[PDB]
């Protein structure tokens, strides 16, 4: 009612269909009056891997400190349209809190261990058009309560 006032905006920094990396950019805004503990916030980006390989996420920049933002990869089960995996982004306790009426960006990249290609065009979360942050319901966010933003595939 006031405990999940996290607005999520998104765009892709690189929008090549055949791409050796995926470039998720999130902007998270606390739209309410109470602080949000980032350690409990998770984000998902859903995609089809187009050849499974070890993958790595890097956070290149966030005001909370990029080393405090990490990513892991999980398989969808069952797979569905546009989604056989998701990236899950998490924040450490050192990321701190997101104050009332403030926002942070989370900018990063992921790639396969052998740098082989993805097809971005079929990915559930991919936005082929946005060049700026946009309120995007095809990425999801979570608190300790579970889902707080978006539509899971």
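Numbering follows the first chain given and starts at 1.
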Of 99-107 vs 23-31, the stretch with the larger average CA B-factor in the entry is 99-107
Is the mean CA B factor in the deposited entry higher across 108-116 or across 124-132? 124-132
Sorting 70, 55, 48, 93 by Cα temperature factor from the record, which one lands on top? 93
Just to confirm, going by the entry's C-alpha B-factors, which of 16, 143, 140, 12 comes out highest? 16
Pull the Cα B-factor of residue 89 out of the PDB entry and bin it into the chain's lowest, middle or highest third. lowest
Third of chain Cα B-factors occupied by residue 4: highest
Third of the chain, ranked by Cα B-factor, where residue 81 sits: highest
Residue 41 - Cα temperature factor, lowest/middle/highest third of chain: middle
